[PDB]
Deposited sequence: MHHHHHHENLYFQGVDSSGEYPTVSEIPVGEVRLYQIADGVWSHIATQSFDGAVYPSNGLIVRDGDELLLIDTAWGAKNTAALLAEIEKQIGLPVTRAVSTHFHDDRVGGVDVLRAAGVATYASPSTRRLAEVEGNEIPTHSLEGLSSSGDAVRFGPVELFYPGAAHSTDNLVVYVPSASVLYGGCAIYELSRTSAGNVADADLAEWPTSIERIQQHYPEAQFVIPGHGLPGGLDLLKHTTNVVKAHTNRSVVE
């Protein structure tokens, strides 16, 4: 029961999941309510891989300061898992600090169209549903369209940690979130692909809220199908 929930906006908290694996947790206010957001940090030798910004430039500056204070290793690369602002908002801060920023070509194009910040580098090998590539200490996986058409998930083999980003919902969320960019028809099949490729996952991190087990995948499918049938 130690995962942070406790976090004023502008602040960022780190949570150690395993040796060399942390999540980062930040908050943002939207329509008068406060939402948490998760990302991932993975050690690779004496450097760090960052997965996703902390949802905004100010939060992302605080994230880098937090990392410097608590871990003290340099973030040398970062990956954004889809084109929304809680994933790419802060890429310019990362870039100014010397972090090499990455995303899939689809994510970079969608970010551009949205007027969002655009990661510098393009990830190859992730164009088709079911594609996976090794990227430093993690595997990147494109499960197919779900929360967005471009969304990636991240697996840490040394720790059996599956980071689902916003394609996976926390258990406390029982109604669909922002699905304006989603492929509702394909989302359960994409979740099916995650389960098929990472059935040994022990720790599953949603894009927002509390980690759990692989039960978060069927929970998300249930919420998405209920939203599909809404009326």
### Task
Map the modelled residues onto the deposited sequence and report the uncovered stretches in sequence order.
1-18, 24-25, 252-254
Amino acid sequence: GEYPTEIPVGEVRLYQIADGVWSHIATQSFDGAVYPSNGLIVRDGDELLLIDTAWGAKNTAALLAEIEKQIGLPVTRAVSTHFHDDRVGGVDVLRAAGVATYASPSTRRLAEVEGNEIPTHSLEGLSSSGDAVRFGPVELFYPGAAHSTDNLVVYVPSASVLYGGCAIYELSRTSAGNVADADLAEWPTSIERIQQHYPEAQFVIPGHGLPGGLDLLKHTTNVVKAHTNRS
From here on, numbers count along this sequence of modelled residues.
### Summary
Taking the deposited Cα B-factors and averaging over 117-125 and over 77-85, the higher mean is found in 117-125
### Between 23-31 and 181-189 (mean CA B-factor, as deposited), the higher
23-31
### Query
Which third of the chain holds residue 36 when residues are ordered by C-alpha B factor: lowest, middle or highest?
highest
### Task
Relative to the other modelled residues of the same chain, rank the CA B-factor of residue 47 and answer lowest, middle or highest third.
middle
### Message
For the chain shown, is the CA B-factor of residue 105 in the lowest, middle or highest third of its modelled residues?
### Response
middle
### Task
Determine, from the deposited record, the chain-internal third of the Cα B-factor for residue 139: lowest, middle or highest.
lowest
### Message
Is residue 152 in the lowest, middle or highest third of its chain when residues are ranked by C-alpha B-factor?
### Response
lowest
